[PDB]
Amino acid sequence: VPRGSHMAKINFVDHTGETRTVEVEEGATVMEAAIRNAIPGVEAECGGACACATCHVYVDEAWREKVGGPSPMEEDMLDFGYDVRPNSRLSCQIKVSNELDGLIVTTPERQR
């Protein structure tokens, strides 16, 4: 919450394979790390209220265990995503912590 504090690196790989790295404060969500940095391929129609699926991302294999799977309420919204995979998550549901420093997520070809 303290601005610019305890920053964690988050790597956003778009559908073409181009990676964009940003730093976001611990406690913020991965969706906020993308929106605040104008990252392509990620949207936040509902602003992080788990009411849409436009913040959909694929969690890199190496980070799946630490990030975890989607919650039941996240699943219901994920049903509206495009090409939802086992490693799919709504980025606004992923809270950044120290152990996610270096996280890699890939944005899908389509959000809506």
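Throughout, we count residues from 1 along the sequence that is shown.
Between the stretches 36 to 44 and 76 to 84, it is 36 to 44 that shows the larger average CA temperature factor. Checked against the record, the higher mean CA B factor of 19 to 27 and 87 to 95 lies with 19 to 27. Residue 49: CA B factor in the lowest third of modelled residues in this chain (values from the PDB entry). Compared with the other modelled residues of the chain, the Cα B-factor recorded for residue 62 ranks in the highest third.
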